């Protein structure tokens, strides 16, 4: 029985590996090119972020608390998953794990309404989960050499929350996939073919047709656009946008690196500052985030400067004199309703693994096992049912909660710069931002409100793009009510 996995990121390869190992009866073919155009995974550090990803806003919603529980469950799978992938290689392939622990730093280069609230939410989430952690003296954090005006005054050590080399992970997944009898076919899917409510297979961009009983779409930010061509699915699969992220590999001045992940809490519009250790005198610094209504594969000047400025001031001034090896750009799959698209469709044999935004790589072994269990007639992981791909848009927050959040995040872009303004200006800007965002939210839809990250993108998009989204929301409402 033929299975085609569309996409060669962490999610496609993780599901490919689990099918190939688990299902000796199926021939599994994985599509995607070595260039990995718009690929999130190669641009990732990556942090195995569960507690580090906690925000007050996320944990204020039932859907956010459910997503967090799944991130905590995923962390338990990583040690055996890494062992099983390194087992198919040798010493020369390098180590997947680059750090065991994370330090979260609190500095004043940001908004109190995000950074202070989020630091308290991380502490509360760790205490509630009984996770091992300690608030530590900043003086005890090794390696860091911040600008004194940008320095942390509080620090939180999270034990067993670490990082992987995303490049070594991708290489280990491909090697493990081939060892288990998987086939890599380096072309893109152009079209999923279906008739009589069942997948027939995939047309490739070299003109070929590949037959299959099962198609798993794990094409990152392209996943919904690929499935939306099939009858009715345009308004039944929530849209996925590009959360364009910029990161960099730097060769440090002295070849040193920190022993732990160093990070802030999530910041304005789900960007954040972090350093992930790498082998061989390299560090990863990340990572910007901007929701784009169309794909973008190149860094902007603004993104590169903000990333470098935050890292050199808030983490280590020695990075200033360090050599830039690579500016990396990738698209976090940004779901329009703020939650992932994991599981089966109304089309027999059609599955989706996408819309994982900031933490698909961390959740990958859990999500892979879930979808593979479903494909085998199992029930997979409890609590992933709410994130089924064919659904009405989730409304995880009130319009009022989102309007408060989008104004706070807008103001946070100033405080994170950090700006220097006359003291009356911030209050003036807060007062004049409220009305326009309230008017936009009211005009977009009577029922759906986009989360803050997408709402700012819509606010500053062309009138034609806003009108097309008004029509999309109206057609979704029609379909599900």
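Numbering follows the first chain given and starts at 1.
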| remark: Stretch with higher mean Cα temperature factor, 84-92 vs 213-221, is 84-92
| Do the CA atoms of 395-403 or those of 126-134 have the higher mean B-factor in the entry? | 126-134
| query | If you check the C-alpha B-factor for each of 410, 379, 312, 102 in the entry, which is highest? | reply | 379
| task | Tell me which of 236, 326, 362, 193 tops the list for C-alpha B factor in the record. | result | 193
| Ranked by Cα temperature factor within the chain, is residue 20 in the lowest third, the middle third or the highest third? | highest
| Lowest, middle or highest third of the chain for the C-alpha temperature factor of residue 284? | lowest
| Would the CA B-factor of residue 66 place it in the lowest, middle or highest third of its chain? | highest
| field | CA B-factor placement of residue 456, once the chain's modelled residues are sorted into thirds | value | lowest
| field | Cα B factor band for residue 165 (lowest, middle or highest third within the chain) | value | middle
